[PDB]
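Each chain is listed here by its residues.
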Amino acid sequence: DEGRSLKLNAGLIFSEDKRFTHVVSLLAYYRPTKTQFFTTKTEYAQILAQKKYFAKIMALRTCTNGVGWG
Amino acid sequence: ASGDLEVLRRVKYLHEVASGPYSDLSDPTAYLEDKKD
Amino acid sequence: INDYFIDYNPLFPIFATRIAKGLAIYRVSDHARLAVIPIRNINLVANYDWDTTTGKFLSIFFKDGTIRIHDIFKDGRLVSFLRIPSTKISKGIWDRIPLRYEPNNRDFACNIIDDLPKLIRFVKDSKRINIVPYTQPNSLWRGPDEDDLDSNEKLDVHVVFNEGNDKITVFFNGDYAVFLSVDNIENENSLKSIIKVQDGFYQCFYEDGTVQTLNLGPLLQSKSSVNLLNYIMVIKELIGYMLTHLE
Amino acid sequence: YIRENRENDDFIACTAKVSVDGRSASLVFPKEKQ
Amino acid sequence: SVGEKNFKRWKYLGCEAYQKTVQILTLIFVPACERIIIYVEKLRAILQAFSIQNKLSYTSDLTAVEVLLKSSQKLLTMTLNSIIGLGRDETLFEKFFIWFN
Amino acid sequence: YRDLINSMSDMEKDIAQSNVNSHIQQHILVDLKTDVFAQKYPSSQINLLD
Amino acid sequence: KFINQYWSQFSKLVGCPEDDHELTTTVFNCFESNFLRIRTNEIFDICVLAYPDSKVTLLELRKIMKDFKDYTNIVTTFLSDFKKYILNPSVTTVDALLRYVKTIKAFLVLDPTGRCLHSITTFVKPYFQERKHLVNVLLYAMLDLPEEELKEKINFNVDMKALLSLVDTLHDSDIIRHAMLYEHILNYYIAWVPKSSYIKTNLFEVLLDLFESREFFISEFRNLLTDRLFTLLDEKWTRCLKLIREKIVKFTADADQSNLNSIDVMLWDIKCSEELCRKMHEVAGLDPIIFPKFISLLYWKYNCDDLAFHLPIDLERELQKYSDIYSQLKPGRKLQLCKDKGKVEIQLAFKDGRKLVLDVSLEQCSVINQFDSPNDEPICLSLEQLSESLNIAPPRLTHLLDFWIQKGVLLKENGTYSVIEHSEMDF
Amino acid sequence: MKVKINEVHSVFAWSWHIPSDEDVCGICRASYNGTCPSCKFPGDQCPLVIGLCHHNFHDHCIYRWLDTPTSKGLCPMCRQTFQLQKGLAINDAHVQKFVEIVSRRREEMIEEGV
Ligand SMILES: [Zn+2]
Ligand SMILES: [Zn+2]
Ligand SMILES: [Zn+2]
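Cut-offs used in this document
- Residues numbered from 1 in each chain as written, not as in the entry; some residues may be left out.
- Chains lettered and ligands numbered in written order.
- Part of a larger assembly, values for the part shown.
- Heavy atoms only, no water.
- Residues with missing side-chain atoms left out of burial classes, pairs and counts.
- Helix = DSSP H or I, 4+ residues; strand = E, 2+ residues; numbered from the N terminus.
- Contact = heavy atoms within 4.5 Å.
- Axes fitted to C-alpha atoms, helices over the stretch in contact; angles between N-to-C directions.
- Parallel < 35°, antiparallel > 145°, perpendicular 65-115°, else oblique.
- Left-handed = near helix turned anticlockwise from the far one by under 90°.
- Nonpolar A, V, L, I, M, F, W, Y, C, P; charged D, E, K, R; others polar.
- Pairing = 2+ DSSP bridges.
- Donors = N, O, S within 2.8 Å, 3.2 Å for Na, K, Ca; no water.
- Tetrahedral: all angles 85-135°; square planar, octahedral: opposite > 155°, others 65-115°.
- Buried < 20%, exposed > 50% of the residue type's maximum accessible area, 1.4 Å probe, protein only.

- Its PDB record attributes the structure to cryo-EM, giving the resolution as 3.5 Å.

Digging into the side chain of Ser373(G)
Step number 1: Residue placement: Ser373(G) occurs in the loop between helix 17 (362-369) and strand 4 (381-382).
Step number 2: Residue contacts for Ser373(G): discarding those within four places in its chain leaves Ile379(G) and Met1(H).

Quick look at the packing of helix 2 (residues 223-246) of chain C against helix 1 (residues 2-27) of chain F
Step number 1: The N-to-C vectors of helix 2 of chain C and helix 1 of chain F enclose an angle of 165 degrees; their axes lie 10 Å apart at closest approach. In this view, helix 2 of chain C runs roughly antiparallel relative to helix 1 of chain F, as classed from their interaxial angle. Helix-helix and strand crossings are classified by hand; for helix 2 of chain C and helix 1 of chain F the assignment is left-handed. The segment helix 2 of chain C lies against helix 1 of chain F, with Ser225(C), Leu228(C), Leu229(C), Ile232(C), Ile235(C), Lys236(C), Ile239(C), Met242(C), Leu243(C) and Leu246(C) engaging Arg2(F), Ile5(F), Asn6(F), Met8(F), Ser9(F), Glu12(F), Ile15(F), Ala16(F), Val20(F), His23(F), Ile24(F) and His27(F).
Step number 2: Broken down by class, the residue content of the contact of helix 2 of chain C with helix 1 of chain F amounts to 14 nonpolar, five polar and three charged.

As for the sheet that holds strand 7 (residues 66-71) of chain C
Residues and elements named next belong to chain C.
Step number 1: Strand order in this open sheet of four strands is 5-6-7-8, and the pairing throughout is antiparallel. With one partner strand each, in any of the chains shown, strand 5 (45-50) and strand 8 (78-83) form the two edges of the open sheet. Here the average twist between neighbouring strands, direction ignored, is 15 degrees.

A word on the coordination of the zinc ion (ligand 3)
Six octahedral donors at a metal ideally form angles of 90 or 180 degrees, and four tetrahedral donors ideally form angles of 109.5 degrees.
Residues and elements named next belong to chain H.
Step number 1: At 2.1 to 2.3 Å from the zinc ion (ligand 3) lie its protein donor atoms, namely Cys53 (SG), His55 (ND1), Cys75 (SG) and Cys78 (SG).
Step number 2: For the zinc ion (ligand 3), the four donor atoms in the first shell make angles of 91 to 121 degrees at the metal, so the coordination geometry reads as tetrahedral.
Step number 3: All donor residues of the zinc ion (ligand 3) come from one chain, and their arrangement in sequence is C-x1-H-x19-C-x2-C.
Step number 4: For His55, a relative accessible area of 25% gives the class partly exposed.

Quick word on the coordination of the zinc ion (ligand 2)
All names here are of chain H.
Step number 1: Taken together, the protein ligands of the zinc ion (ligand 2) are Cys36 (SG), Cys39 (SG), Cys46 (SG) and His60 (ND1), with distances of 2.1 to 2.3 Å.
Step number 2: Around the zinc ion (ligand 2) sit four donor atoms, and with donor-metal-donor angles ranging over 79 to 126 degrees the site reads as irregular.
Step number 3: Here the donor residues for the zinc ion (ligand 2) map to a single chain with the spacing C-x2-C-x6-C-x13-H. Here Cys36 is found in the loop between strand 1 (2-16) and strand 2 (48-50), whereas its partner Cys46 is found in the loop between strand 1 and strand 2, with 10 residues between them in sequence.
Step number 4: The exposure class assigned to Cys36 is buried, which follows from its relative accessible area of 2%.
Step number 5: Judged by relative accessible area, which is 0%, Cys46 ranks as buried.

Rendered as structure tokens:
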């Protein structure tokens, strides 16, 4: 809820692009995070193992988004 | 406080994609080996 | 298709032809049937008139006093039913006059109905009682066409002439009716054709060569008079609108 | 002449070229035999 | 006669008989009666102006408009009395069935 | 309620017939039937077709 | 041109120097604003009629439009005229679609993003669903079928010039693994700029957006492919199926896969038919004249479950031998001949030296084989004898016999069908 | 008239011969002439097998079921020990595969004390 209002205020200031909404989406911590995975493997178990590893990495990102959001 | 473009792009890439030994580019001992990463 | 009938639509390449089962519609380019209007007896139909302004609708006049209008675009679906109290119809013409109320500084007559929120109807289906936005009974064939970028409100005038007596009846907006009594009832001259000059200006041509002119011009040029015509129609509708919900 | 087969009524299509300022209209003559 | 089956129907029929009735009085009659009043008032103004603007010898009497004005005004006062009245009915309605249950 | 609404509806038809029709008819002019073709053809009975 | 004609006079009128740079700049800014306004007014005829001749000024228009109001005005006007003119049911549906895709490519070139295309598509699709024959003609246009198959079961005329034009527009195409990870992953973030996307540059996806579900599209694609495979694949359809397969897999409901699974099976069915026939000819010395197709019944939607007509004895014996070998090669499987399905190339040799080669169905070949005279005797057969010999109902036989009469092979005299052996008219 | 036949393009439909709304796999519920959810092409890519209990399954459906520890090597429809019917040419190519899985599951049941 706060992210929607804050993005509107930022657009009121300068806007002229969709940069601010995207960076909030990258940096927000209370919403599901969009992830990119390589997974240069074909076996299902290996793909699941890599996806879980990346989920743990994204969990680290969510934890440390405090410095950015402040 | 400028909202630069290319700077945002570089910090974006460093933000995304874990890289490291995993992906592409004795139990406590394994726990410590992971914990370092 | 060989027939002495058929009137071509001025705005689209479509004609209205007459066949035994009813009024029929065939595209000019393809000769392909488009719509069928079920009519019982041809002799009852005094005449049929197309829509000059838009061409999406079509008008049918009955001798007994009923006017029925069907849209071509909906596969000939009936869209509205009209009645005129105790009138024998000889030949009727349908005209649509678009009003242009350009903003003028000297006009301080602001509108507040637009400001007040629009009403809603109450309609109950079998499952539960539902509530829908309010639409006027004749608004479906009068609503602002999705087609018309110039969505200016269009005055709807139906002009009716009575046989055997040359009485002139003018019908506005589908609800209000005005009767005009002609002085020249000495001769029972059949009315040959109706010609429209511009919006609200008509010339009537009888068999004896006499020409009768009906002019809507003074009414169209008076902004208040048209508003008077619109107001009296609304008041009658809303009274029945409450009465419909009371029952 | 526009004729519907050899056993139906014949109706006249009088394409009267009334040159009114270079333009002309069209007429159709119905058949109602006297 | 009553049983459990009709009791729930009795409550369901009664609640819609009052709570839906007040809705149609407030959401329909009041906005409509105000709109009737605004239109007849505009109806009266137009006729009065042309009685002076034309200065035509024959005049159309305005008692027909005035009767409609008071009658429509009488309605709006009369509908508001019912809406308050159905308000009291709902209170009496609910207290009856909570004991009848 | 039914009596009051019908009282207004019946009275509403009276205002339309008594006053509105009187005003609309005054602003509506119907030109008297006239013969135009007599000037060109004064010694012929005229029959009009379309 | 305007400056050379009036600027010196205007400068004299004002009295300002001829080299007033900022006045000329403002005059130019007004000229392009007037150019924009005129183009917005005329955008309908610009995109519908003059395209692609007016393509160049569309690209120039792209250089000018900068505000969202400009885009919302350009679309709301363009819808208004298009719906005014094209969305008339009195307009032929084939030309309506031809003009429609002409606007789609015109606006796609004008707008690379395609958001305006999405707005147009959302606004227009119900009118497409209003018209009935749109699905059949568009998919037939997608697959580029010959006009003969169009005219067999479609009862309204279709403009061949409109057909050829839309095929040309449809075929218009003007619109290690560790090394890519360093390059591409980094490169995608080297250059970056800020209801789902639904704005893909593919026009064929926009065409698919007509259907509420692509299920009917793939089902009819299945039906047409089965009809062609039974008739005989052209390379043109391999591109079509490739475009279909590429888009659905990217998106990934249950029945969508149901009509997406076995499309590869009839491809496998024909591929296995091509391979198995070669094996059968090598082992048992089969007649190399017969090319059987082994199809799997469930996926051709062919309802095996009035057609008990007798094939010629020689052909039936040869076809039965194929079934026996198939049971030997694939244990546990039985093979059933689809007698209503199949094409036979027959050569008819007349006594006057005429040779007629025609592709006929198994039913038509059975009828004409009854008139094969080994002893050169003229065979005259009545309808009742043909029905008994071939076990075919008389009404169906009359249609089959009418086909041969139309081809000039059989002549009907006094209720008996005889062969035309001598034609007294130049072939 | 002489009719000479130059080329014949005949169409044949193949179906499974089952030694007799019930031509469906007891496990996946798909048609015998259809494919199981794990296979894409019919026939050789998704063959049928017949057990001694006369229950018919896709080869992958019953093999996966028998590979579950809860099956105990029993038929899903009759709970008898699943053995392929001998003498059916449809089962000949799958005899060794199913004997191994049933034997392996029997040995595991012996090891688990049940
Ligand atoms: Zn199965
Ligand atoms: Zn399988
Ligand atoms: Zn069993």
